[PDB]
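The form deposited in one PDB entry is given below as one chain in structure tokens.
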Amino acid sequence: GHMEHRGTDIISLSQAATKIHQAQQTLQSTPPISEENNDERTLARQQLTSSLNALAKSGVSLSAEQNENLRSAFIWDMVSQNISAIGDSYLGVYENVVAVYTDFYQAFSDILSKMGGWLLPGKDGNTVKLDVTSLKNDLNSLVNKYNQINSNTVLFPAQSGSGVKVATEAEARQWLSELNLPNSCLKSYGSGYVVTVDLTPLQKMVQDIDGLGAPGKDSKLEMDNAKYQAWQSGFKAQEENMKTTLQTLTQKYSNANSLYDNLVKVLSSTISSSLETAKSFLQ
């Protein structure tokens, strides 16, 4: 127990520092906006935990101060276990939530991009014509698409290659609460439950469109500028509800990512302190 081996300690600790820094760089720079991106982020965490498993076997020893910093923040196999669970069951869920919501929101944006063409000149300068039918049909089609249960719609659990992965009612309700989503997002499927995208603003938009009254023979609705403007304000309010939902989720994702990163910093600080120790010697 008297044979020192600074050289090999320095090599092992530097190897771990490097792998952790690379994973951290990926998790800080790669947005969770596509399946490809989240595959890269998941692989980065796999790389980080493999590095800790390797470090655990290396023979590097920790001080009493370091052992304690680690126990409290989260021995090396306990650390790897705890960080693995958070990456998989907390951050990985949030990544899925953002990627699914991103593509849903894009589908909505694509509809909004058509609205210019659905607003026509009226009979005079005090009236407009809104193509209420084309707008309602496109919104309804979106609702129908995202009311299904599949990999395009399910926020939790994150889905794999086959079937529909479901959770117990209690597990799904916990995430519903965690995400601050309305009750309508909680759905039974087969043997359990999933949490899906919020369709309420879309459904309200359609209601408010029918609220305007029946279209004319052309399938469109003539309206005075005041009525149109009042309708548009209400429509924009529903767009703001969807924007707000997405904002809450992306912020919550960022904070989940920051919580993991804070644990990564603890790892990096621990390893840097060991490296100092391996390089240091009392006069």
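Between two forms, the rigid core is the largest collection of C-alphas that superpose within 1.5 Å. All residue numbers refer to positions in the sequence shown, first residue = 1.
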Looking at residue 74 and residue 75, the deposited sequence has unmodelled residues in between totalling 10 or more
Comparing 81 to 89 with 98 to 106, the higher average Cα temperature factor in the PDB entry belongs to 81 to 89
Assert higher mean C-alpha B factor (57 to 65 or 246 to 254, deposited values) equals 57 to 65
Highest CA B factor of 195, 179, 209, 166, as deposited, is found at 209
Here the Cα B-factor of residue 8, set against its chain, lands in the third termed middle
So, residue 219's CA B-factor, relative to its chain, sits in which third? The highest
Entry-reported C-alpha B-factor of residue 157 relative to its chain, by third, is lowest
Tertile call for residue 28 (CA temperature factor, within chain, third-based) is the middle
Sorting the chain's modelled residues by C-alpha B-factor and splitting them into thirds places residue 225 in the highest
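The next section is about a form of this same protein that is not shown, the form deposited in another entry.
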A Cα shift of 2 Å or more between this form and the one not shown, after fitting the rigid core, is seen among 179, 209, 199, 166 only at 209
- Once the two forms are fit on the core, has residue 253 moved its CA by at least 2 Å between this form and the one not shown? no
Check your understanding: On a core-based superposition, does residue 56 travel 2 Å or more at its Cα between this form and the one not shown?
Key -> yes
By the 2 angstroms cut-off, has the C-alpha of residue 230 moved between this form and the one not shown once the rigid core is superposed? yes
